[PDB]
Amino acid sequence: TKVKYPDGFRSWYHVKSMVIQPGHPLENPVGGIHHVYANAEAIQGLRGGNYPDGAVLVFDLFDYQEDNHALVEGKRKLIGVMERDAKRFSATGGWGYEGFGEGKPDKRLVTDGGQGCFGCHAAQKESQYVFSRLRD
């Protein structure tokens, strides 16, 4: 029913990163430096296996500061969380979608059962609703 807060996600595998800057269509609300993390189960899916129930992907979003031709990580703005449960999250393609303001377990953001999240991630049906690609 609810997505679990992914405790210890900072110790997980770093999948990839990207920076979204002002002018980007998604500056509101995912402007900043983001890092994608995967637990062991999510790595199975990312490698081209299937995602086991209990796979978790985290979108970790930082604000950044301009420091002399460097973008420096500032405060955490939020995390997004995808948790795999084929049965419990069947209404949103087997992934539960949640946001935590500032990465705080007490600041749950999603109000529509993740239908908005799923609406965009649906475009990625062929890669099991995951945008991020495992890179070397």
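For every residue, the number given is its place in the sequence shown, counted from 1.
In this crystal structure, the stretch out of 89-97 and 76-84 whose C-alpha atoms carry the higher mean B factor is 89-97. Relative to one another, 21-29 and 8-16 have unequal mean CA B-factors, and 21-29 is the one with the higher figure.
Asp53: CA B factor lies in the highest third for its chain, per the PDB record. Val110: CA B factor lies in the middle third for its chain, per the PDB record. Remark: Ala38 belongs to the lowest third of its chain, ranked by C-alpha B-factor as recorded.
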